[PDB]
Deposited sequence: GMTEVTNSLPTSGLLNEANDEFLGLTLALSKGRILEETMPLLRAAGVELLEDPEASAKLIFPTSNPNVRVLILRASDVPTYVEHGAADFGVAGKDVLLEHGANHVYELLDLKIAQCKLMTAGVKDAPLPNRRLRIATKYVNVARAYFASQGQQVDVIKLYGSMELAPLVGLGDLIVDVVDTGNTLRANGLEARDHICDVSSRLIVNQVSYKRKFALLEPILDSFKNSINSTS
């Protein structure tokens, strides 16, 4: 396969338009599909549907030439080995600390439970606070309720999920949006295929 491989994961739903106006409308509708690799209107582009967590991995190793990854994922994973070409300004949420509603700070070293371990260590370091961090893979809202951690680091848009689970947003860590990332080799060797899709996206977000 001599063309571009695109790594996508909400994001599929919000990139469809960007892709439509770039000339890359998917054949099938993944949400109801068993296929891993997906063709598209452009026969020089294929799409990999991954878990958001994995998109930066596939791109960075060149199993995908470019991907749409949340800045949450990039910050946690480390974007050292990919180019961040453009901020798509989609999936606009934020990374925040969250604890139990009205619950006070304990008289002991803070214990953070989260999938965003590196983000947690980094944030609380810049606040000059010493934290014990616990890695989680699944839903994190339970962790404070059973006292696995005092706080969680998660992505929050409105606040509904936190509140519905008895949790309240504490500290704002940073803003988050889907970013277009590119493999370093792919950018040099397949730029002729990339430039039109990049120029269309730059156009689309304006």
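Missing from the model, by position in the deposited sequence, are residues 1-21, 31-32, 230-232.
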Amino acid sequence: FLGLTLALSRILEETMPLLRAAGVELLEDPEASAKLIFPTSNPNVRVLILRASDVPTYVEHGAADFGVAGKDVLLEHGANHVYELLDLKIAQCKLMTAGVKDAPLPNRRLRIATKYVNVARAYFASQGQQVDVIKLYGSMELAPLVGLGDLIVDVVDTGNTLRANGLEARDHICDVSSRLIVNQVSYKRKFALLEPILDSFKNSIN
From here on, numbers count along this sequence of modelled residues.
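For the pair 19-27 and 181-189, the mean B factor over Cα atoms is greater in 19-27. The mean C-alpha temperature factor is higher for 29-37 when 29-37 and 42-50 are set side by side. Per the deposited coordinates, the residue with the largest Cα temperature factor out of 136, 105, 73, 133 is 105.
In this PDB entry, the Cα temperature factor of residue 155 sits in the middle third of its chain's modelled residues. In the deposited entry, the Cα temperature factor of residue 172 sits in the middle third of values across the chain's modelled residues. The deposited CA B-factor of residue 164 belongs to the highest third of values across its chain. In this PDB entry, the Cα temperature factor of residue 77 sits in the bottom third of its chain's modelled residues, the lowest group. Looking at the C-alpha B-factors along this chain, the one for residue 111 belongs to the middle third.
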